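First the structure, in the form of structure tokens, and then the observations on it.
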Amino acid sequence: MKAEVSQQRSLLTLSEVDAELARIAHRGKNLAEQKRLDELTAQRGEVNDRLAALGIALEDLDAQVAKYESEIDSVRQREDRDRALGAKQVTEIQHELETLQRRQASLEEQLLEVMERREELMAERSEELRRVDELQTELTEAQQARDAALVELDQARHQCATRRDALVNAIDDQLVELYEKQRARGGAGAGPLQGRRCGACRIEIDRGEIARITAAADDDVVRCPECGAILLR
Ligand SMILES: [Zn+2]
Numbered sequence: 001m002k003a004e005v006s007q008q009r010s011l012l013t014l015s016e017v018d019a020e021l022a023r024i025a026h027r028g029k030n031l032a033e034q035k036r037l038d039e040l041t042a043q044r045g046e047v048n049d050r051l052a053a054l055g056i057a058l059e060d061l062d063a064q065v066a067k068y069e070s071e072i073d074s075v076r077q078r079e080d081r082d083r084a085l092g093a094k095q096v097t098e099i100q101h102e103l104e105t106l107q108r109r110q111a112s113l114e115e116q117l118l119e120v121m122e123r124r125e126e127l128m129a130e131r132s133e134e135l136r137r138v139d140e141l142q143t144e145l146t147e148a149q150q151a152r153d154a155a156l157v158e159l160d161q162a163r164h165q166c167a168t169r170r171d172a173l174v175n176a177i178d179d180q181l182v183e184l185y186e187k188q189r190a191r192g193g194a195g196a197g198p199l200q201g202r203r204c205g206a207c208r209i210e211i212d213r214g215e216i217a218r219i220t221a222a223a224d225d226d227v228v229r230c231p232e233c234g235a236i237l238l239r
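All the letters of the sequence shown, read from the start, carry residue numbers 1 to 85, 92 to 239 under PDB author numbering.
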């Protein structure tokens with residue numbers, strides 16, 4: 001097989017454009033901005049998990065102060081209902103009121119302990135809300151930089167796509183087809199002959215085949231014996 005040397009040089013640039021598009025696709029899946037957004041999202045979920053755990057403890061303490069204040073109201077109402085006054095049975099109410107006054111005091115002790123504990127946890131929850139709010143703000147900053155990097159990679163991809171479309175139209179389709187058949191093997195399809203090493207698979211070509219490669223004409227097309235990529239000189 002043979003092909004004009006002018007289009008063989010176009011095939012070399014064509015293999016260069018394909019390599020650049022490969023790095024663009026690789027960069028789109030390995031962005032540094034995406035890694036930054038992954039970190040901020042992780043620790044934002046950390047505070048969201050701690051905020052949810054604090055909400056459970058606050059619900060439990062809210063249920064305690066609701067049960068405490070309700071039982072004191074029953075003792076307070078019983079003290080006020082019995083406050084409205092038989093003198094023989096009056097002493098019977100005096101001994102009960104003293105025992106109920108001891109119950110209202112003992113209940114107020116437990117109520118102040120859980121009110122302090124609720125006041126401490128509401129401050130901790132307030133400290134985590136400030137923390138997750140600051141994390142969320144720069145999370146959107148990382149999200150705008152992640153999206154801004156994707157539109158730059160896509161813009162550079164479209165420009166290399168237009169350059170690739172122009173090169174294929176300038177080469178005989180019989181040569182472009184062989185380049186695609188070699189890429190279907192996983193190789194680079196076309197690479198330069200750098201000294202004695204292939205520019206694609208990076209092998210060291212033996213002295214035997216290389217003696218025949220240097221003897222081929224300019225219009226001739228040659229491939230690497232190990233990978234098959236079209237060697238260009
Ligand atoms: Zn090769």
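From the three backbone atoms N, C-alpha and C, an ideal C-beta is built for every residue, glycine too.
| Asked | Found |
| --- | --- |
| contact_flag[the stretch 179-186, the stretch 69-76] where n(CB pairs < 8 angstroms) is 3 or more | no |
| Inter-residue Cα distance where the pair is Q95 and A111 | 25 angstroms |
| For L37 and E147, the rounded distance between their alpha carbons | 9 angstroms |
| Span separating the alpha-carbon of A222 from that of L40 | 59 angstroms |
| Beta strand (DSSP E) segment containing residue 90, residue limits | As shown, the structure holds no coordinates for residue 90; the chain passes over it, running from 85 to 92. |
| Sequence-distant residues of the same chain with beta carbon closer than 7 angstroms to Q43, five excluded per side | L141 |
| Local conformation of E20 per DSSP, three classes | helix |
| For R131 and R81, the rounded distance between their alpha carbons | 41 angstroms |
| For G55, three-class secondary structure by DSSP | helix |
| Closer than 7 angstroms: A162 CB and nearest ligand 1 heavy atom | no |
| Heavy atom of ligand 3 within 7 angstroms of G197 beta-carbon | Ligands present in the displayed structure are limited to ligand 1, and ligand 3 is not among them. |
| Status (buried if at least 16 other CB within 10 Å, exposed otherwise) for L118 | exposed |
| Local Cβ density within 10 Å of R229, reported as buried at 16 or more and exposed below that | buried |
| Which of helix, strand or coil DSSP assigns to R202 | coil |
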